[PDB]
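Residue numbers (the UniProt record's numbering), protein chains in the order written: chain A, 2 to 526; chain B, 2 to 526; chain C, 2 to 526. Down below is the structure, laid out as structure tokens.
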Amino acid sequence: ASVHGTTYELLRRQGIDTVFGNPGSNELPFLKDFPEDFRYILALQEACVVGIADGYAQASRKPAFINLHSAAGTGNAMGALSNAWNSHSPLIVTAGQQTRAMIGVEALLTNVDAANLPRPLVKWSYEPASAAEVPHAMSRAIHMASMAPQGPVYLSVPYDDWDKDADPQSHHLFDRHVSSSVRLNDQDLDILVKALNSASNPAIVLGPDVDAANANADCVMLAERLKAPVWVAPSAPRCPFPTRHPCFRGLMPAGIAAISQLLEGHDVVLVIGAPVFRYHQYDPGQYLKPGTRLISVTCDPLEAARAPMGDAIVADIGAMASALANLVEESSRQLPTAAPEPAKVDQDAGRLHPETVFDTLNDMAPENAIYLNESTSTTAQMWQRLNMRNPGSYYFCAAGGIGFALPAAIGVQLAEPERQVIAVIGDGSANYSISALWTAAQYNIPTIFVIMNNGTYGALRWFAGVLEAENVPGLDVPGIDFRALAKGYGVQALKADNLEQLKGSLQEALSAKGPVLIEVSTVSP
Amino acid sequence: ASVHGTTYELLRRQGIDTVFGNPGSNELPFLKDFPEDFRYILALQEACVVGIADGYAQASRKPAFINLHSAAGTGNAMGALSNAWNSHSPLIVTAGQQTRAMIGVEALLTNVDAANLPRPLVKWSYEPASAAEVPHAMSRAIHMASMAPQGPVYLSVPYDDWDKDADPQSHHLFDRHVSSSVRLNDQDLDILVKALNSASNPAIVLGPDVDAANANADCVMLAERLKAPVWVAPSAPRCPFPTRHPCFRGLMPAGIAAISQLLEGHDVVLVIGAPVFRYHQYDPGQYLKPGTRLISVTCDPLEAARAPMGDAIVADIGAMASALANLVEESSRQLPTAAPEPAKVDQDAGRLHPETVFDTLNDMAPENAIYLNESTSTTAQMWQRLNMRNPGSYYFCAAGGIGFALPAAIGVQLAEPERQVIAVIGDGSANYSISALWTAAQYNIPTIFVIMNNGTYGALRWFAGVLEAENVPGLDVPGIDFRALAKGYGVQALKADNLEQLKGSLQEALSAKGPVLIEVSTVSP
Amino acid sequence: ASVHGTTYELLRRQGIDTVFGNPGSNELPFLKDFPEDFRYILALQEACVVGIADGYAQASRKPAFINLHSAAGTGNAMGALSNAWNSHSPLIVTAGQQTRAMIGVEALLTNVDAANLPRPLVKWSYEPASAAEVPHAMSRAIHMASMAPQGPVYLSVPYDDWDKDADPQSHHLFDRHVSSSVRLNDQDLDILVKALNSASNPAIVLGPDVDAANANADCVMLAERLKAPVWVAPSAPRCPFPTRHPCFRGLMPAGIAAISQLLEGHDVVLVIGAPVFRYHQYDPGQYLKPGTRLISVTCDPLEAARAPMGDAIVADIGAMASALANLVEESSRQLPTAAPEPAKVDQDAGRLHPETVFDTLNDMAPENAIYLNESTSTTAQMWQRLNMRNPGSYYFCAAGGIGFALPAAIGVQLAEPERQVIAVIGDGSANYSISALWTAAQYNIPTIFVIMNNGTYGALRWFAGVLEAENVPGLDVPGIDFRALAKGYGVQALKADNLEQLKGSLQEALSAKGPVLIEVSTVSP
Ligand SMILES: Cc1ncc(Cn2c(C)c(CCOP(=O)(O)OP(=O)(O)O)sc2=O)c(N)n1
Ligand SMILES: Cc1ncc(Cn2c(C)c(CCOP(=O)(O)OP(=O)(O)O)sc2=O)c(N)n1
Ligand SMILES: Cc1ncc(Cn2c(C)c(CCOP(=O)(O)OP(=O)(O)O)sc2=O)c(N)n1
Ligand SMILES: [Ca+2]
Ligand SMILES: [Ca+2]
Ligand SMILES: [Ca+2]
Ligand SMILES: [Ca+2]
Ligand SMILES: [Ca+2]
Ligand SMILES: [Ca+2]
Ligand code: NA
Ligand code: NA
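Structure, rendered in structure tokens:
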């Protein structure tokens, strides 16, 4: 067998059947004779390729395979890799290298010092020392991406390797099963359970690795048994809990002092599947108030090491959440009462308040919709106004890198063909990966894109008002016609300049059989 | 509080009370006002500092703290770090940096691009962005070294940071408890246990992480229940099993074909706490024969990913070994019968055969002796001839980097003051870290050093005879007087030119109250 | 031809005929069939191998070739590489890698992520992607080490590459000539020359790249023409000027304020072949006083970029020094008058003052002696008391990394067989690379080693008295018998406990036909 045949056999035997890519000449020997049982999803720029793959991996809860062109293609994708690192996304990023005979002379398209290029944003990065090693290196990549804590990995392959003969011992790679589905030993787990059973006023904080593990329902059971309020850890990349469950208390503010004040009076705070904590604004104060202790369950040693407070347990979130939910006692405390519904903000017949937009989406979207957020100044309102009952219902760029939601929403919609995906994206953010729209059109992936158009980088302008920072350049983005951009890439486009038009456009988009972009005129901040 | 006071408080609160070091001016602000409850162990060169610390950490099964001088001191230690990486040794390596005000100009003693220097041999490498971050960075270092898979870490600290004020919120670092004591979830553990119960002819292979976890006794129970032969994985850094237990089958040959032939006919091979596998010679063939399947339990994702065959489970070795040993059925198969004793090799009244040396050590050493091996051409005979009943009884340079055993034997003897340490070191290997002898003399650490003097790099000369490689330079090391070197560093020295003298020298060394070096004239290979 | 034959042909065609090494199994396929026209210099530990090679390269003013064993051997050498980076030493460091077929599994002795290991201490670091690329990669290494600014480079080679067939087009590598012998264009050089001609009170500061370029005599002509005082830039690795020439003013103090005070009143300060500046102690103040401007000529862009003041020209030091010395006018100012001789310090019949030692060396050593300094508390006195008339007469560890002078003095003596090398090394420093003595004995390289024994790390104890730092551990090194260490490695040894014995020992050492070590009892600081 050839390295090509052996590698595709390893991929299919490990569950991989889709290649997200933007091709180049170093990759043609890999992509030739593309197997009939695989599919190839083309995107027009590499941030879009990796964003699509990332949404697909996060929603499918399985690795996604990517093929990029040498250094330039890899480089175009590295902002997307920054988000994938923070979301623990299992991405297998491959890139083609020059033929081994011209690597030394640095022919055009040589990826120099290739493994260092995507660092520090990958768990593992490698170029094999010979063609026959390529299947084993690919096996390493698959398992490194997939073991907890999951994350992106990178493999560079000289184009001449694919046609060489494979090692006949590579067959042992095909069916390897590697598990990291582990939980704390019984003695120490019993100590943790007793601590939770004994707490007088416990609180629970959940992060994105809960939703990645599909541990959401177990965490509902845990919160019901402990009769504990549940918050989502700050800067949340995913939604780990039903947002109208009586225990739910919302998204935590991303500040040190704000979080310790919020947790004041809780004697034990159990954090599951989050860093401790993804703060954003600098809000100095106490990490925890006197009387509060924190216990973190994380899948990532790097998270456990850097937490500034609390105990930690490094283990699989699915296994831990299941064990805790089934072991704790039912507290005799009263179940927390549900948060009240948000108020309706006054809305005239002009430009839309973001609150109106989210209320109307919540009114009209199916109960199993999936939302993506890259409307950076409206995140708090979004989290208050969307009832998200089910797992896998929310994605936000985990490293704060905009240009994620537009392509990721296409990958999520590909992963979940029976759940309507609605991406809510600011007019600034929409441009970063605008060309991803073409992939939705070409493959008829029926994502809905709601562009919140207020003409400015609102989140920045706010943080500039915060600091009384005068004379900051570059905050306004006037003069973009998003319906013409959608037409450019073959996507049906609608405009909503007021509420009546918003409702009508959403009704049309929800009935449509392909992707739709709605440009919404929103109020200036 | 100062950063200095806060950092030493964090160290003591996390169980650290000893600094292994070789000082320099960037470190004086850290070492000044050295706390009375700590001790400082000086060694004369940094390979020796880190080797001593490494033996201390491996034998104590806890992290060791190291302080080195800037780039040059760190650099002198990087061969020692290569072994520590392969042995999973929890080493906290700190190095002093120039004052922040002259880092930019690259004053003398600036460690340029410091965090990149020890890569790729550390799990985590960092320089803090401000003085007040130093305690948190030290907390990160402690936990990164200590979480599974354990390993060395590196922290660079500008010398002006120590006297600055600490953050009052650093107190939350002091008592953090971080656990990685995890095992496979119940459902999948039951599947593994059923597979072991069902095997017709299981074999067990153990590596160094068994001894690190003190999982040895559990692995004895497991092997007794399964009635299975037990081998030690190749290139063994530690001894994970009593070597005269009836199940014991010795050290595996470090070759692909040799191992698959050895395992032929075993239907299930359970590997615990080893890479799969640390081969050495290239001995191409099948990874496993038809009829053999392999299951690996490893504490290290990198090991699970790179295994060329078998299933893997990434979990804590102590937790897994305990759970398996207590869950498996007692097989009705007959217990394996013990290997016969090794034969006595003929010995005249001249230079010593290595076999004679090991037999005589086994005859005379206490039953709880601890051995170190850096006599590279005699490893197989050593493993056949020393009865090592207890855990923590054997160390060999895990990356093959000689210069480990002499200093490590001093650290092991410091960790285990009531177990006699006997390091068996070739005349070539003895030179690499010869100055470590001084630390044994100064602190009166009573290690015994047995120098196997045959005048040549025997293991190399053998691998050169193997390849029929003629005209290789640099293989002979004539003209070294090891008793004069020992005298140079204050260690009592004896010579053994024949068996009578070997016996007499060992009797004197075993009765001595300080370190002793015995130079043994061994046969030329 | 094989890769082996082609590579040795490239080496000989590029002027390389010596391999400094400590062998291992990954290197046996390179070292087998070692060519008859090459020589191999063995040292017993890799810091010693690289130190010897470094002294040889610096004194010969040509690249030196090194062969080390995998990661552990490379790692043992990285403190030596830190000095070589600061001295711009042209070192070609090669290390053997595992066979390509087992790199993936990480067999014992695999150098993982090899090119990252010696970073950031090398100019270029590489592992070739195929056997046939090895000669081209070696060509790259030779030229990268040798082009200005010279420096160490690293090449990792899988052991199976050597026996493979070479590319027949590799012959084009053999006779490549690469030049960096460049100087500032005529128009701008005329502007510089006019600035020097016009200065009212110029000063000249010289660094180690002057001595590397053998630009010393040109700099004497330049200073005579400009009638300018000459200082050596601080932390000096080499001596760039005759130390009793009337213009000579000594070694600059390694402090910001001290240097600007020294230069006060000089209108133009021309620095040649030095960083601006290698300060050490933090001595904050003005970089330059009002009225002083600085112009630096450096071979290293990194030096030009990081200078905190002055103009800079990046060019070859030999070409620039020659052009300036021949273009400037003869000033009508009076030539500076020579510094007076140093005073004789009072000396009783007991332990030796370092000043007495240097005076006696100056009295007895040949006029073309070469000195090395690793007696860190006595550097100022050494520079005052040794008349060094000739180029290549002084070496000091350029990164401050002790363990350089003992092995480097053996390499320098090998490079300069007709100039007596005298290394003056403190008792602390002597231990770091003590095993290098064996190479002097084995090859009969007649270096003289003068050990300054005061029982302590004196330079540290002084900088601890400076800071009033109490309770610093690890500063004393009692209990070392250096005559027994020398005997251990086959070197004749003498002791000098007073002046009469110092004189007698030096007379015996200077007449000896092999290496000699003199242990001198010096006063405690
Ligand atoms: C890749 C990238 N570039 C720039 C930024 C900085 N940035 C910018 C430019 C934001 C403005 C997004 O504007 P928007 O129109 O999408 O939404 P809002 O008006 O609601 O803020 S939010 C933010 O963090 C970023 N996060 N990521
Ligand atoms: C740091 C380093 N340098 C070089 C080597 C290469 N090497 C060398 C030089 C060995 C010879 C050791 O000789 P010895 O006298 O200690 O023992 P034997 O004579 O029994 O081989 S074994 C080996 O792997 C190495 N492994 N590690
Ligand atoms: C490789 C390394 N380790 C440690 C140091 C720190 N250090 C040490 C330990 C010195 C003491 C040298 O003592 P010595 O006996 O050689 O000479 P003095 O007594 O004259 O200082 S000087 C110095 O910078 C260093 N520079 N380089
Ligand atoms: Ca098909
Ligand atoms: Ca906007
Ligand atoms: Ca004490
Ligand atoms: Ca030997
Ligand atoms: Ca010859
Ligand atoms: Ca001294
Ligand atoms: Na990079
Ligand atoms: Na490095």
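Backbone N, C-alpha and C define an ideal beta-carbon position, used for all residues, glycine too.
In angstroms with no decimal places, state the Cα-to-Cα distance between residue i and residue j.
i	j	result
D187(C)	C248(C)	28 Å
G76(B)	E134(C)	29 Å
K496(B)	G427(B)	14 Å
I411(B)	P241(A)	52 Å
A442(A)	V492(A)	6 Å
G6(A)	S181(B)	39 Å
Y458(A)	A465(A)	11 Å
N23(C)	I67(B)	27 Å
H178(A)	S236(C)	58 Å
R239(C)	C398(B)	38 Å
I403(B)	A73(C)	8 Å
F278(A)	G311(A)	11 Å
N217(A)	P355(A)	28 Å
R14(A)	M453(B)	52 Å
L336(C)	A320(C)	25 Å
Assign residue i to one of two classes, buried (16 or more other C-beta atoms within 10 Å of its C-beta) or exposed (fewer than that).
i	result
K345(A)	exposed
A65(C)	buried
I143(C)	buried
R184(B)	buried
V473(A)	exposed
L69(A)	buried
With DSSP run on the structure shown, which of helix, strand or coil describes residue i?
i	result
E471(B)	coil
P36(C)	coil
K504(A)	helix
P159(A)	strand
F359(C)	helix
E509(A)	helix
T523(A)	strand
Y280(B)	coil
Just list the residues that DSSP pairs residue i with in beta bridges.
i	result
residue 1(A)	Residue 1(A) lies beyond the range of chain A shown here (2 to 526); nothing can be said about it.
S126(B)	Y155(B)
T299(A)	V315(A)
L518(C)	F450(C) and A494(C)
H70(A)	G97(A)
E375(C)	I426(C)
Below 6 Å from a heavy atom of ligand 4 - residues by beta-carbon: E37(A) and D38(A)
Contact set, ligand 5 heavy atom to C-beta under 5 Å: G427(A), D428(A), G429(A), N455(A) and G459(A)
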